[PDB]
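Have a look at the structure below, then the notes.
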Amino acid sequence: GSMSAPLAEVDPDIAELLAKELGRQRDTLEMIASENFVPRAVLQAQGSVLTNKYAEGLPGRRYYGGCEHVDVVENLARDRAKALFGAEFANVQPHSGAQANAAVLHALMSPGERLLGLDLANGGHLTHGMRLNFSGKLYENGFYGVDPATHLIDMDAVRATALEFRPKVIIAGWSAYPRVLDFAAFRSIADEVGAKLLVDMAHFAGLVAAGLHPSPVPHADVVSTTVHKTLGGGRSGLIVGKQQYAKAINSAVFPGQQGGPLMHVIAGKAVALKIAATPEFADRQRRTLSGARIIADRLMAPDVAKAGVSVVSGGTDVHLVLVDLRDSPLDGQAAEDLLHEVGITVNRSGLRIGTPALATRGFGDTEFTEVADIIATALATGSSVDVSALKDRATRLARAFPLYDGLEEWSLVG
Amino acid sequence: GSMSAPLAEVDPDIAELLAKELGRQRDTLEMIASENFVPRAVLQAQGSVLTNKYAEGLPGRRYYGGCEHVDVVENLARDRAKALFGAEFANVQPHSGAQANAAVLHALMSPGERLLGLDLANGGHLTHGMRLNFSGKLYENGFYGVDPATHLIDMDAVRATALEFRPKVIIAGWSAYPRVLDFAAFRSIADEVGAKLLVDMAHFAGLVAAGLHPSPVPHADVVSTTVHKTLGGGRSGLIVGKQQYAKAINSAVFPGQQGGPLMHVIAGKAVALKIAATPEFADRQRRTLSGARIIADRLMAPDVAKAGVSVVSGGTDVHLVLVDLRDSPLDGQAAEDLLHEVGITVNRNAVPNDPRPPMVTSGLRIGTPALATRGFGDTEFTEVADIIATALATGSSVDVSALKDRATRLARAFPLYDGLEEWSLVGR
Ligand SMILES: [Mg+2]
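Each protein sequence line maps, in turn, to chains A and B.
According to PDB author numbering, the stretch in the first sequence is residues -1 to 346, 360 to 425, in order.
When we follow PDB author numbering, the leftmost residue of the second sequence carries the number -1, and every step to the right adds one.
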């Protein structure tokens, strides 16, 4: 019967589609700033029989019996998260980054109260106040932005807005910003007006883990994150913070927002948190940051500047480069389509270019120099662009750094 | 590099705990009614490289490049759900049963508006209006229950409550009820008072798929479910319903409630929906139902009655049995602990007008889906029923050793996941 039959026998169309997606990941150059590649050991945990266990509640205080082994798993994930980030408390049950943020706002505020965050047009996430999301539907929203001249967040301007609006919760965090936030200034402003401070570090958490971006943990009431993105793990969420919020946050995740947690995915969170403390992971983060600096420099060279293309803030200190196309012949969709022709996946008069996934695959400075030159030539040279010559150079790079070499022979366990 | 190193090398403590949990599943008899066992093909989908893809939006309308293959995967899951259940639209993105219900309420009502559902004390779920869940925090709540004599939902009483309370949304659905809901009566009441009708079929979806429980789909505006529980798939949610509600429900899932979907888990949903249309799966549901009737019949016998034990509603028509213990020496927690000693996993459950506190109770909920998946039929269910009845009826003379030996004999005769240690991530 079908309980022990391979996927190839049970569902031939899904088996073929898994093979096609693996091929696409191997053949293309992935430069979406929010994406990465999980290690073999995380695939194994996500494919485990822990999916079968119902574990509503917390370790040692569950609805049902038989949780002895999954309770040790959840405690390894909590205790590794506290140690890696230097936090007082952790909850490792959120299903996603969005579900982590819904639980934090449930714990710290009530419907109708005031929420202050970074504007969508200026680099914020949809969970920081967008009108159709829970963050906009339930709460009264105010926003801060970036200085129009420097393109940096001006903390004197944030201060004046907070004193006027008097928010209950202030969010620091972003989906598209190219520099380092001042967490000590955010703490000072929240204290003045009696607000709680949430930092949403989803994009930059792996930089924090390796010691290459300043930590928000000393300064924040609560910190939310994805375990995917720069942290390099399986698709899910996580919360850490000060001890005084432990009961508020636990009760908001369950039974506030969720039912049963995904215990196979929590096992993978413990694995990713162990990898994130290693010297190998720290070097990978350094190759990420050096690649982003190499691309930003190449796009500020005379040929690109003359075509009307500019780099937002004049550089980067993080894992991505933000590009403004409004004075060039290209719009965002046209630039995205042209890069697809030469084998590169990015996202959109703006364009965002990221380096985490290529660093994980093994690219260093020589390789990022070649990738930057391919992009610059496409954006600068207009009608005279040789798509075919640029595609062959991209496929040469991909072929030289194999992805998931040997996956076709790997076991579920052992 | 650690990118290609096995789990046993990278994290020996976690590898060891995976092997201990597999052994616990093999050695016990699982009878929690919300539990089941996924097939090999679903383990392989959930362990796939599809975890790496960002895919916010819907097929053909995404916010990221490179989604050509994951768009085909999502459309196979949507099309198989519509065909299996006879529904006009499907959304296959919800992360869980709770997340499916949060999106439905976001689409159909506004904060402060009125919600009517089955009480927790009478077998409802916490997402049907419990005070400290979203369903109680955001909305004004009213409840219906079961009759104190018959233990059934009385639709004349549900109608009277709906006429007085005038809800915006009525929920029909349960976590612990032993009989068949009257969906045509719920539609009539909703139409009378101008309410929308949500059916939450999480517990009984696999019975509906096999044609062995009447379908809510012709009668409901929207239907929510888990893909785990009787449907037999990986841990996740699903929504199906009338085309009238498609645009609002899609917008409520994203950007209303969620961000990126879990594409590896959605591949596994497509696999579980294909299995659920097969004759093999229909036979498994027939064995689930026949096994539960055998357990109820054995408990309704002179030895068990004389010990102070009865069956709620005097029987069952679904995948579970509700036991009433209040005239016996055992409270619900005590009975749950005794059965664990003899190798069987169940959970405590509140009875009608229960005299004990809600965290202790005077009852049990006993389920058959997980053991039917493992291969049990009528012969095996007759033996487990006798083990349970003997434990509950013999008082201080119970022989735990003799009963535990009978349970482990059944576990060894029906191996679970035999050969898993040799199976590959991809291929055969
Ligand atoms: Mg309305």
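Even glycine gets a Cβ: it sits at the ideal position worked out from N, Cα and C.
Residue i vs residue j beta-carbon contact at 8 Å
i: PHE412(A); j: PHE379(A); result: no
i: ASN131(A); j: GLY55(B); result: no
i: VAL40(A); j: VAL424(A); result: no
i: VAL215(A); j: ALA193(A); result: no
i: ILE293(B); j: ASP376(B); result: no
i: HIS201(A); j: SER222(A); result: no
i: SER326(B); j: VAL307(B); result: yes
i: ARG282(A); j: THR224(A); result: no
i: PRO353(B); j: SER360(B); result: yes
i: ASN139(B); j: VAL36(A); result: no
i: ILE169(B); j: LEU236(B); result: no
i: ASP315(B); j: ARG177(B); result: yes
i: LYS240(A); j: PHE87(A); result: yes
i: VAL197(A); j: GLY171(A); result: yes
i: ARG363(A); j: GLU334(A); result: no
i: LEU414(B); j: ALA43(A); result: no
i: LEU82(A); j: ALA207(A); result: yes
i: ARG76(A); j: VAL90(A); result: yes
i: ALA3(A); j: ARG285(B); result: no
i: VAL321(B); j: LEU27(B); result: no
i: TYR142(B); j: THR159(B); result: yes
i: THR228(B); j: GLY204(B); result: yes
i: residue 351(A); j: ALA85(A); result: Residue numbering in chain A breaks between 346 and 360, and residue 351(A) falls inside that break, so it has no position here.
i: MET128(B); j: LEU118(B); result: yes
i: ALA409(A); j: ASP25(A); result: yes
i: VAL191(A); j: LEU161(A); result: yes
Anticipated Cβ contact below 8 Å, residue i with residue j, distance rounded
i: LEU297(B); j: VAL309(B); result: 5 Å
i: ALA400(A); j: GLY341(A); result: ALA400(A) to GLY341(A), Cβ: 12 Å. No contact.
i: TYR52(A); j: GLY258(A); result: 5 Å
i: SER94(B); j: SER234(B); result: 7 Å
i: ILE386(B); j: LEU337(B); result: 7 Å
i: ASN73(A); j: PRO57(A); result: 5 Å
i: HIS217(A); j: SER46(A); result: Actually they are not in contact, since the Cβ atoms of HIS217(A) and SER46(A) sit about 37 Å apart, beyond 8 Å.
i: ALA265(A); j: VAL71(A); result: 5 Å
i: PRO109(B); j: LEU136(B); result: 5 Å
i: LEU195(A); j: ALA188(A); result: 4 Å
i: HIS226(A); j: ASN34(A); result: 6 Å
i: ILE30(A); j: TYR175(B); result: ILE30(A) to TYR175(B), Cβ: 47 Å. No contact.
i: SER422(B); j: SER394(A); result: With 8 Å as the limit, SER422(B) and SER394(A) do not qualify as a contact, their Cβ atoms being about 50 Å apart.
i: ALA79(B); j: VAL238(B); result: 6 Å
i: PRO350(B); j: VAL156(B); result: With a Cβ gap of about 16 Å, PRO350(B) and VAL156(B) do not count as contacting.
i: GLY289(A); j: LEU369(A); result: 7 Å
| Are the stretch 266 to 284 of chain B and the stretch 19 to 33 of chain A touching, with three or more C-beta to C-beta distances below 8 Å? | The stretch 266 to 284 of chain B makes no contact with the stretch 19 to 33 of chain A, as fewer than three CB pairs between them are under 8 Å.
| With a cut-off of 8 Å, do at least 3 Cβ pairs link the stretch 1 to 18 of chain A to the stretch 201 to 213 of chain A? | No, the stretch 1 to 18 of chain A is not in contact with the stretch 201 to 213 of chain A.
| Counting pairs of beta carbons, one from the stretch 287 to 307 of chain B and one from the stretch 236 to 253 of chain B, are three or more of them closer than 8 Å? | Under the three-pair Cβ rule at 8 Å, the stretch 287 to 307 of chain B does not count as touching the stretch 236 to 253 of chain B.
| query | Mind pulling the alpha helix (DSSP H) runs of 4 or more residues that sit fully within the stretch 255 to 314 of chain A? | reply | Within the stretch 255 to 314 of chain A, the complete alpha helix (DSSP H) runs of at least 4 residues are 261 to 273, 277 to 296, 300 to 304.
| Completely contained beta strand (DSSP E) runs for the stretch 361 to 417 of chain A, where each covers 3 or more residues | Runs of the beta strand (DSSP E) inside the stretch 361 to 417 of chain A: 361 to 365.
| message | Going residue by residue through the stretch 171 to 237 of chain B, where are the continuous alpha helix (DSSP H) segments of at least 4 residues, counting only ones entirely within it? | response | Those alpha helix (DSSP H) runs which fall completely within the stretch 171 to 237 of chain B and span 4+ residues are 181 to 191, 203 to 207.
| task | Please go through the stretch 31 to 108 of chain A and give each complete alpha helix (DSSP H) segment of 4 or more residues, from N-terminal end onward. | result | Assignment of alpha helix (DSSP H) within the stretch 31 to 108 of chain A, counting only whole runs of 4 or more residues, yields 38 to 44, 66 to 83, 95 to 106 in chain order.
| query | Considering only residues of the stretch 106 to 147 of chain B, which uninterrupted alpha helix (DSSP H) runs meet the minimum length of 4 residues and lie entirely inside it, listed in chain order? | reply | As far as the stretch 106 to 147 of chain B is concerned, its whole alpha helix (DSSP H) runs of at least 4 residues are 132 to 135.
| field | Complete alpha helix (DSSP H) runs within the stretch 3 to 30 of chain A (minimum length 4 residues, chain order) | value | Within the stretch 3 to 30 of chain A, the complete alpha helix (DSSP H) runs of at least 4 residues are 5 to 8, 10 to 25.
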